[PDB]
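Structural overview
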Amino acid sequence: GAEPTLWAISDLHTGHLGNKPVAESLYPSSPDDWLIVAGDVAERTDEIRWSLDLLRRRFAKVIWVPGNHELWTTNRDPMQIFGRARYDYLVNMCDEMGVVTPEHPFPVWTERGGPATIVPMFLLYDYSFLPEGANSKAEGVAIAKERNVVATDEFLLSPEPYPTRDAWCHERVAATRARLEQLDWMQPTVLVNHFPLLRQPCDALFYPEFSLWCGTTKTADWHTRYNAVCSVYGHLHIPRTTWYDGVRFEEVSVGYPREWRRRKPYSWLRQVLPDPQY
Ligand SMILES: [Fe+3]
Ligand SMILES: [Mn+2]
């Protein structure tokens with residue numbers, strides 16, 4: 001009576017007043033629990049480090065993937081680093097703390113839930129989730145701008161040295177797909193990515209245009225192609241459990257204080273493995 005569990009959570013946003021207690025209430029159920037943190041830990045590098053240091057001292061293993069907010073460079077950030085350099089800095093930070101990143105070898109869960117390869121991914125988005133009235137990236141962003149639905153990324157998420165964020169996204173997708181092809185085709189995977197791997201969850205957004213900043217069409221079939229037993233994501237701030245083509249998708253976001261105070265959730269940590277039979 002003390003069997004390990006693989007949990008997940010995302011969108012901690014510890015910099016916002018009121019979400020620091022949430023992060024400070026994250027505890028394991030056994031000394032061998034793993035915790036997936038699926039993006040949007042914080043914006044500033046020191047806040048991200050504080051949160052990840054707090055979590056890695058409680059869980060046996062922490063697997064971190066970046067969200068859009070970790071790649072923001074604000075004026076109040078002690079590290080004025082941008083783009084791929086900022087991502088490499090965050091990866092090196094996590095490595096110095098012992099936190100697993102998308103650049104580390106894929107961890108393998110060998111406890112309850114079967115041998116499952118946990119795949120931490122950094123993919124970003126490529127403006128391919130076009131709104132109904134759009135037929136290109138520029139058209140979609142223009143329609144979103146005229147309706148005042150623009151992501152702050154456009155001004156804070158630098159893609160340097162890449163020219164655009166979709167170029168960075170396509171390179172990330174190419175590399176991650178190359179790594180995914182090298183996996184044993186008969187072993188389940190746990191796909192982790194801040195953004196949803198397919199477009200369907202974005203249909204729950206209050207306004208659809210924002211879907212432009214919510215993923216890429218190049219990963220529409222990865223949950224079935226690579227035999228995923230569970231797909232962990234966040235970003236949308238719509239925490240729930242759904243099923244697509246037999247695969248269980250877990251939106252594990254916490255959100256901003258005024259968002260999750262309207263609800264009363266049963267515990268912050270979402271059980272990824274073993275199957276909770278929900
Ligand atoms: Fe996000
Ligand atoms: Mn978020």
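As recorded in the PDB entry, the protein goes by Metallophos domain-containing protein and comes from Mycobacterium tuberculosis. This entry carries the title "The crystal structure of Phosphopantetheinyl Hydrolase (PptH) from Mycobacterium tuberculosis". Quoted verbatim from the Catalytic activity heading of the UniProt record, the comment on the protein is "holo-[ACP] + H2O = apo-[ACP] + (R)-4'-phosphopantetheine + H(+)". Quoted verbatim from the Sequence similarities field of the UniProt record, the comment on the protein reads "Belongs to the metallophosphoesterase superfamily."

On to the environment of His 16. Turning to its location among the elements, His 16 is positioned in the loop between β1 (6–9) and α1 (20–24). Exposure remark for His 16: the relative accessible area of 31% places this residue in the partly exposed category. In this structure the C-alpha to C-alpha distance between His 16 and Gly 67, which are 51 residues apart in sequence, comes to 16 Å. Apart from residues no more than four positions distant in its own chain, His 16 is found in contact with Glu 43, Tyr 256 and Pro 257.

Here six strands make up an open sheet; going across it, the order is β4-β5-β6-β7-β9-β8 and the pairing mixed. Both edges of this open sheet fall to β4 (108–109) and β8 (240–244), since each of them pairs with a single strand only. As paired elements, strand β5 (residues 116–120) and strand β6 (residues 189–192) share four bridges and run parallel to each other. Across the sheet, residue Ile 118 finds its bridge partner in β6, namely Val 190.

Basis of the calculations
- Residues numbered from 1 in each chain as written, not as in the entry; some residues may be left out.
- Chains lettered and ligands numbered in written order.
- Heavy atoms only, no water.
- Residues with missing side-chain atoms left out of burial classes, pairs and counts.
- UniProt positions renumbered as here; feature names shortened; annotations may be inferred.
- Helix = DSSP H or I, 4+ residues; strand = E, 2+ residues; numbered from the N terminus.
- Buried < 20%, exposed > 50% of the residue type's maximum accessible area, 1.4 Å probe, protein only.
- Contact = heavy atoms within 4.5 Å.
- Pairing = 2+ DSSP bridges.

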